[PDB]
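> Below is the sequence, then the experimental coordinates.
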Amino acid sequence: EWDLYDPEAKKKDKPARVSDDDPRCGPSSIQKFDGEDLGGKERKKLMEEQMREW
Amino acid sequence: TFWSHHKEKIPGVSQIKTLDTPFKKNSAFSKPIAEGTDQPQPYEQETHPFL
Amino acid sequence: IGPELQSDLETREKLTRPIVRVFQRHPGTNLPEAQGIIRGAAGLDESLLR
Amino acid sequence: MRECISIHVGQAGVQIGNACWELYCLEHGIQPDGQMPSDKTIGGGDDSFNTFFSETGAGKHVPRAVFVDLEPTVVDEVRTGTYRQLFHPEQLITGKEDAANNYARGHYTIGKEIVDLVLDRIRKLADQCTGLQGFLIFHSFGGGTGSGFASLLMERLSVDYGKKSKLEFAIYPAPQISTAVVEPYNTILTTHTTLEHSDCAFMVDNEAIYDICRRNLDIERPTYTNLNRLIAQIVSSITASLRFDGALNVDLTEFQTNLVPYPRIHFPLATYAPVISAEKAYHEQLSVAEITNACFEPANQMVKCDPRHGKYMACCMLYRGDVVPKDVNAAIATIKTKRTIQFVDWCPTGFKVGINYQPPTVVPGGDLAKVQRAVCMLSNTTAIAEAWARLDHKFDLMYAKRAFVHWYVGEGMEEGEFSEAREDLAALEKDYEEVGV
Amino acid sequence: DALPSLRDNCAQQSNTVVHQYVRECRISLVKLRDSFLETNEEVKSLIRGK
Amino acid sequence: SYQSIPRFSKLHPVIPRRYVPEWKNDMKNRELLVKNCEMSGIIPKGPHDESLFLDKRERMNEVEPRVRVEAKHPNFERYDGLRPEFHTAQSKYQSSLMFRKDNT
Amino acid sequence: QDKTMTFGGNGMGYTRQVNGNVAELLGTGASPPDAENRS
Amino acid sequence: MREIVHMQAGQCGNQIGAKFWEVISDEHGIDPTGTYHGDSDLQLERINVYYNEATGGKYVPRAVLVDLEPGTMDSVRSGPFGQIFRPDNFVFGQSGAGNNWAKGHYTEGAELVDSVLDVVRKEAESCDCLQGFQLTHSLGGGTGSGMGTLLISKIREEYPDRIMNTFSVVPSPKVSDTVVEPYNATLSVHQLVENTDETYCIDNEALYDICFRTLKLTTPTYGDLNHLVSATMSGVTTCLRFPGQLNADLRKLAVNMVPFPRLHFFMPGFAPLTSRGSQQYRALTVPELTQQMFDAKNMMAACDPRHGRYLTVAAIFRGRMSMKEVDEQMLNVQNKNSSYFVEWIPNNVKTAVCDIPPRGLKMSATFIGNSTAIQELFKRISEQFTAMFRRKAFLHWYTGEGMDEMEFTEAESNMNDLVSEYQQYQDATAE
Amino acid sequence: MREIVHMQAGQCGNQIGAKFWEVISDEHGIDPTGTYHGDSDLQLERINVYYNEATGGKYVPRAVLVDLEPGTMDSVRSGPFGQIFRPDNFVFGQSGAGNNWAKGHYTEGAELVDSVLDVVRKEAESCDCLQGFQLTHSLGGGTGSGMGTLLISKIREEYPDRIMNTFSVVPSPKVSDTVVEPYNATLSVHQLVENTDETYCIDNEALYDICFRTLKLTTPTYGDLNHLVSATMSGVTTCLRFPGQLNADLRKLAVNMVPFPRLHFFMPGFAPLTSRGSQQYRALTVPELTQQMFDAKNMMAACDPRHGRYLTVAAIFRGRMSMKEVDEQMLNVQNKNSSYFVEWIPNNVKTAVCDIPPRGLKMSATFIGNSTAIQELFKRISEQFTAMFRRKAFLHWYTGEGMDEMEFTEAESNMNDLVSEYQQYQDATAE
Ligand SMILES: Nc1nc2c(ncn2[C@@H]2O[C@H](COP(=O)(O)OP(=O)(O)OP(=O)(O)O)[C@@H](O)[C@H]2O)c(=O)[nH]1
Ligand SMILES: Nc1nc2c(ncn2[C@@H]2O[C@H](COP(=O)(O)OP(=O)(O)O)[C@@H](O)[C@H]2O)c(=O)[nH]1
Ligand SMILES: Nc1nc2c(ncn2[C@@H]2O[C@H](COP(=O)(O)OP(=O)(O)O)[C@@H](O)[C@H]2O)c(=O)[nH]1
Ligand SMILES: [Mg+2]
């Protein structure tokens, strides 16, 4: 039973997600949402460029 | 467009067999059989001229 | 009549400021805060029409 | 299978229809020859044009429209113009003798001889149709073909088709601008078929569109083409849910159900917000909050009536483009907390919002700026009764010493029609006041 | 005709009556509190007697 | 089994949407608050009609009678309202308060 | 000092001032000799 | 081999169900074609609970998609995980609903219900144990409310011994988005309370608030909403699909959570829900999951737990963990905030533990609460209903599609006395 | 396993707390990214007092960060040791009251106080045997005084027995930074008296002249003032955080300092203190530390202790050092300046000898005096308050905000009561 009941086992685990491209998190981890606008700033720059040129 | 870039993650988008814009409504799945023109259903191959 | 938007109404002027809220924490209560303003607004409106 | 039949009656209706079908063909990629250079569709995977056009075996896409007018001029102009190869020859029905700006002449003498032919053409179009949403009737209240013949056609359509949506787009006379003289008589006479036969009648006002084009589009000298293009933009924003994918899709029946409270109250104001000119779009954000506030601003309305002197019964906002429901709800909350917009007491709700993905298309050589965001508000309010008050004030002071009545009596109608129609419009004004109170 | 200070005047009416109510509640609270300490001391004495 | 028929006052755009007093909804001292309403006998404990402000109006129906809500007047007179003391925030209306004269 | 239009004060209290206002608004007062020396 | 038949009505219900089958296909390692591509046999034992065998190793979901608008049918067929569903259980009509409960119930919505019940009957007697029926929809439109309640009534008339859990997205007044949603909600709550014996009411404003505070989520849209709803959809039935230290299925939750028959509207929740900026500052511990379950802002039904008393609380945990730690946390919450708990029920918590976490996380949790604070949304719906029923607004549509005002009066009276029953059981002495 | 929850409010509070967390981090070996890189084993033993352990080697602080303007919030986040704080513990309003007790207490902060109590209750729940709460509020300003004392009142209702210490950055009569700081100080230390277990009040001009005279150093700015206050705050709890030869925590300090419930206002003092030029020419010994503690110029308050009687004096020593020298030095001090000690309290000095010295030095000492000469600070504050309030200057900003003059008068009256009680125990005799 020691594998999780170790007092220093909190120093051995990755938090939940680590980075933004972590393979283990998916649609069932309920932590990789599609709502974060990672490309939001690039999209805003593209919209500004399109509006200016038009 | 937000919806254009996050297309294929958007809830309501139907059967993008169109390249200039994706939001033209493809209603080939509904198509009750009295006026059906044998359109390609969203999970099968196309016809001669593939287009 | 107040300002033309409820966002810029300021916390010392809304009818449910925290002073009023800690008063309404007990039963009965019911400050006569809005009926007087309604009556004054109606009187001023009738003055404008006359 | 969703489809609509567009009936354009009168010179105003025909010209507005010309602009509308130009916008529709540009939106769906159909060139004015009538053939679709698809060139990007994979197979027959495009069903967006079904609601307006009928693809035939020659590669052509004939529109689902009927153009009728009693003088041959503008209809023959359409036959001699560019869209000759696009319109069906028998859809553009025309007469010989004009209706002479006369409701009696358009309803009892000249309108009784081609009503059978236009009803036959409508019958063929509806039999070709199989999922008909309804009829978009474009006309003017100025008088003649757009008043009398339109009234007779609407009566006949209500008798035969029955449970079908009939959305009316009516040119309304201005408070003080006018181009005719007997158009108060014509409007008073045609209040009935837009009151007891219509289902949702959007009035538009030439002064309001003139002021919009003078202040927002920077057009010092505008013609009717810009007005008709704006009306085309509005009707395209209305019908976009039937032909483009969207987050919330608002069809015609759902639109009417969420708009009209009572069968008598079916006259909502219409507002379109993208409105800025091309050079002035460089300086404005044109966000969701801005385009929602531009609709409720009492200067972009397309009827010359101030909505601050009234109560909003309901609003149907149709957002178009990169508009997200969180910004929609934030704009709705700001509008609801705003003091100026006053909603009626029996409607704690009142915002039917429908988000559509496909952003609007810009006409080549247009005046509207090409934008990413759009809103089209269709608001039922009690402030439209000011236009009727001005109208029947004009009618009363005309009809005091019986001016122009001899023409109508000679073309057949009785004098009691004026009294009955005046009393019906007075009842409508009292009904709107009673609803608002 | 109503004064052009009706909203502020009514708000400070509400503030004054809330202030009077909370001073009287403070008096009632300190009375209840010293009664509570008297009860607690008596309970301690009774426990020791037991 | 009885009739509710709620009644609301005139619209005023200072009313902040929907507001419920927290004495009806306090789940820490409710066993004292509700029995206080019972012992008073004029304050209804009923579950509905909690929002005395629903849209932009006040509830004239059973959230306390008009007696004891219209009686909270801290002795205000127009004679002392037209001449505000200098150290308070109401003295900046003196440019318009002296325009009114004084009769009653 | 200068009035300051506060509530009851110097006796009676919130409940007694409200009851007096109720009596005044509904009709005659409660009684003259009520609240002897404000108890 | 107990197994659940899923039904989904309306655009909202269809999109929630599509996200739900996406989530529980990731949980079993099933590609959208239908094959099993997982690694362990634990994802393959109880695959029959939601999926039915086809030829080869293909798994067709036991789901029925119903709508009166074909556009949403095309959208959910051609969207993500649209290939998993069978085209035969895509029964639809080509008319629409018009946000009309009368049109969805007493008109052409009742034309489609024959084929709908034929499909549901085919799936129901394609079973061997048939644990129950699980419906998702919204009480804001025509097909979601009217047709959904028609299926509820007919399925309960057919099989009145099966666990019927429906979720339903209730309308929030500060989201609006429809003008006749109080009419649609009042005419459907009557059928929900009378027939359905398990309801997990979900609110869009609560979902938006969760997205905007606990997840930042600069532009959440309708994807994240259905994603969280699917999380709580899987967390209530995880013990049927995976083994655990302390199992509890839908019937056990209904027994331990519903004290009286018309007392069954719940307040779902999920944990952990961590923002990207606070990802590295958080250590997943059982007390932390217990707190995020018992946080007010984490609720998914727009109620405030402090604004009422809990009757019963189901706590379903997932992952390897300690039963002592779980039990001490769920006892410590009762000992701490005992005022927000009814005193006539000792041990207001049902506790379930499953030792199979979701893919990704090592631990997760699911809250279900039969709180008496659920009455406030019903009161808001009732006050909007009487606001737009005072002047008989928008009734000509319903009378045209064949309803009288007496049905509206029944709906109002039933909602009023249901809220009064909540208040009476809430303000009850111990004995 | 005794825990302290730290709270910073206002610009000065956030800056002082940031410097405090910096010294705690490099005293316990915590690097800017929050990972233990220390050398001794006696640095991670008692670290749960101030740090909540996270996943990996992360150690977040148990602090609550409060403001009504985000400028100081962004400055603290962008500065060094800013990534250690949890992003949930950054509660800030948007308007900003600003030099206004009424706007900081009755409104603005009075709706943010619910979320701040949520965070404070969260940190208190995430503990075992919580020692209490320390605040670094900044009397004389806006959010620090009014909303800070509001937080003190609410957490005193919530947790009545846990030790409350504030650090009280009380204004000056001759610095003259704010025109309404007498109003704020008079109206807020009234709230401090009835609510705090103990206040370690620190002014600004004594920090100025300790830097100018004891340290010279010609550039303290605010950083070195925060360093001095921060060193004192570490010294008042080094016996709790580290093993020692004679331990004394905050409760022991409060019990041995206060003789009466409203005499809990302390004069702090840190006394290893020398310039760069006099660093090597100054022997570091226990008598030298005691001599620098019992010096009027080394006091962190404006109150000269020569005209005033000490009630109780605490010496928290840090280092490997001899009890015989410590006791002989306190006895020597009591024998020499016997006229500055009250006769009715014999042996009124407390020893608290720890083991681990602060980083860099080898011995240190923290002085906690409870002299009766502290009444003159409140005397000057009340003199300025009664100079302003006679003409009712700057009073509309409070009265139209929502207060009244009766609260000002009663605050002045209880200020005079506190001053009179300090004078009574200054003039009290033995028999
Ligand atoms: N916006 C807009 N209004 C038009 C246009 N053409 C005509 N109108 C309006 O129509 C009114 C007069 O009615 P007409 O349309 O000219 O006459 P009609 O409806 O064709 O009937 P007849 O008189 O028999 O020809 C005028 O007051 C104009 O405001 C147009 O192209 N655009
Ligand atoms: N949470 C959530 N709500 C939705 C979604 N789609 C629609 N809704 C809500 O459902 C309501 C309208 O219901 P609707 O889809 O028209 O029901 P239908 O007419 O039966 O299809 C709106 O108020 C939306 O807020 C979704 O994907 N997620
Ligand atoms: N010792 C010290 N005092 C400070 C510091 N920053 C500001 N102050 C003092 O704090 C007072 C202003 O308080 P402030 O922080 O503005 O309170 P707030 O308005 O609630 O944020 C001024 O008189 C300054 O002298 C600092 O870093 N150290
Ligand atoms: Mg013409």
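It's in. Numbers count the residues shown, from 1 in each chain, chains lettered A, B, ... in the order given. Ligands and ions are numbered 1, 2, ... in the order given.
> Hmm, residue D:323 and residue D:359 touching each other?
No - using Cβ atoms under 8 Å, residue D:359 makes no contact with residue D:323, being 9.4 Å away. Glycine gets a C-beta too; all of them are placed from N, C-alpha and C.
> what is in contact with these two at once?
Common neighbours of residue D:359 and residue D:323, using Cβ atoms under 8 Å, 6 or more residues apart in numbering or on different chains, are D:373-374.
> How about residue 40, nearest residue that isn't a chain neighbour?
Chain wasn't specified; assuming chain A. residue H:218 (6.4 Å; Cβ to Cβ, 6 or more residues apart in numbering or on different chains).
> nope, chain D
Per Cβ to Cβ, 6+ apart, closest to residue D:40 is residue B:19, 4.0 Å.
> likewise residue D:338?
residue C:5 (5.4 Å).
> And for that neighbour, the neighbour number?
The local packing of residue C:5 (other Cβ atoms under 10 Å in any protein chain shown) involves 14 other residues.
> Next, residue D:320: phi, psi?
Backbone dihedrals for residue D:320, given as degrees, to the nearest 10, come out at phi -150, psi 120.
> Surely it and residue D:371 touch.
No - assessed by Cβ under 8 Å, residue D:320 is found out of contact with residue D:371, at 9.7 Å.
> what about these two, which has more around it?
Set side by side, residue D:320 and residue D:371 show more neighbours around residue D:320, with 28 against 24, by other Cβ under 10 Å.
> Show me what that one is bridged to.
Counting by DSSP bridges, residue D:320 is bridged to residue D:356, residue D:374.
> And the residue nearest to residue D:338, how far from ligand 2?
For residue C:5, the distance to ligand 2 equals 26 Å [Cβ to the nearest ligand atom, to the nearest Å].
> That residue contacts residue D:341, doesn't it?
No - Residue C:5 is beyond contact range of residue D:341, at 10.3 Å (criterion: Cβ under 8 Å).
> list the contacts for the residue in the stretch 201-350 of chain D that chain F sits nearest to?
Closest approach of the stretch 201-350 of chain D to chain F (Cβ to the nearest Cβ) occurs at residue D:339, with a separation of 3.9 Å. Neighbouring residues of residue D:339 by Cβ under 8 Å, 6+ apart: C:1-6, F:13.
> Give me the distance between stretch D:245-255 and the centre of its chain.
18 Å (Cα atoms, centre = their mean, to the nearest Å).
> Please disregard the earlier target; I meant stretch F:63-81.
The answer for stretch F:63-81 is 10 Å, by Cα atoms, centre = their mean.
> quick one: terminal-to-terminal distance for that stretch?
31 Å (Cα to Cα, to the nearest Å).
> can it be found next to chain I?
No - figure legend: stretch F:63-81 not in contact with chain I (Cβ under 8 Å from any Cβ of the partner chain); closest approach 11.6 Å.
> Spell out which residues are contacts of both of residue C:5 and residue D:341.
Joint contacts of residue C:5 and residue D:341 (Cβ under 8 Å, 6+ apart) do not exist.
> Leaving out the residues flanking it, which one is nearest to residue F:53?
residue F:19 is the one closest to residue F:53 (Cβ to Cβ, 6+ apart), at 4.3 Å.
> Sorry, wrong one. I was asking about residue H:109.
Per Cβ to Cβ, 6+ apart, closest to residue H:109 is residue H:147, 4.4 Å.
> same check, this time on residue H:27
residue A:28 is the one closest to residue H:27 (Cβ to Cβ, 6+ apart), at 4.8 Å.
> How about the contacts made by that neighbour?
H:23-24, H:26-27, H:234, H:358-360.
> quick one on the thing from earlier: just the contacts of residue D:339 now: which is nearest chain B?
residue C:5 (27.8 Å).
> which ones are touching the closest one?
D:334, D:337-339.
> Just want the residue of the stretch 101-250 of chain H that's nearest chain E.
residue H:174 (25.6 Å).
> just chain D next, same as before
residue D:339 (13.4 Å).
> Now that residue: phi and psi?
Dihedral angles (degrees, to the nearest 10) for residue D:339: phi -70, psi -40.
> Need the residues touching each of residue D:320 and residue D:371.
With Cβ under 8 Å, 6+ apart as the test, residue D:320 and residue D:371 both reach D:359-360.
> if we can go back for a sec, from chain I, how far out is the residue nearest to residue A:40?
Going from residue H:218 to chain I by Cβ to the nearest Cβ, to the nearest Å gives 15 Å.
> didn't residue H:178 look like it was pressed against residue H:171?
Yes - using Cβ under 8 Å, residue H:178 makes contact with residue H:171 at a distance of 6.8 Å.
> so who does residue H:287 touch?
H:325, H:329, I:126.
> For the first one, which non-adjacent residue is spatially closest?
Spelled out, that is residue H:325. residue H:286 (4.5 Å).
> Repeat that for residue F:71.
In space, residue F:71 is closest to residue G:21, 3.8 Å off (Cβ to Cβ, 6+ apart).
> Mind telling me what element residue D:326 is part of?
Secondary structure assignment for residue D:326, by DSSP states H and E: helix D:325-337.
> Touching that helix from outside, list them.
Looking at what lies outside helix D:325-337 - Cβ under 8 Å, 6+ apart - the contacts are C:5-7, D:247, D:287-289, D:292-293, D:296, D:317, D:319, D:341, D:343, D:351, D:353, D:355, F:17, H:174-177, H:208, H:212, H:219-222.
> on that earlier part again, neighbour-wise, which of residue D:359 and residue D:323 wins?
residue D:323 (30 against 23).
> does that one really touch residue D:376, like I thought?
No - between residue D:323 and residue D:376 there is no contact under Cβ under 8 Å: 11.3 Å.
> Spatially central residue for chain D, please.
residue D:169 (2.5 Å; Cα atoms, centre = their mean).
> what's it sitting at in phi/psi?
Torsion angles, degrees, to the nearest 10, at residue D:169: phi -120, psi 110.
> cool, residue D:423 as well?
phi -70, psi -30.
> Nice, that's everything, thank you.
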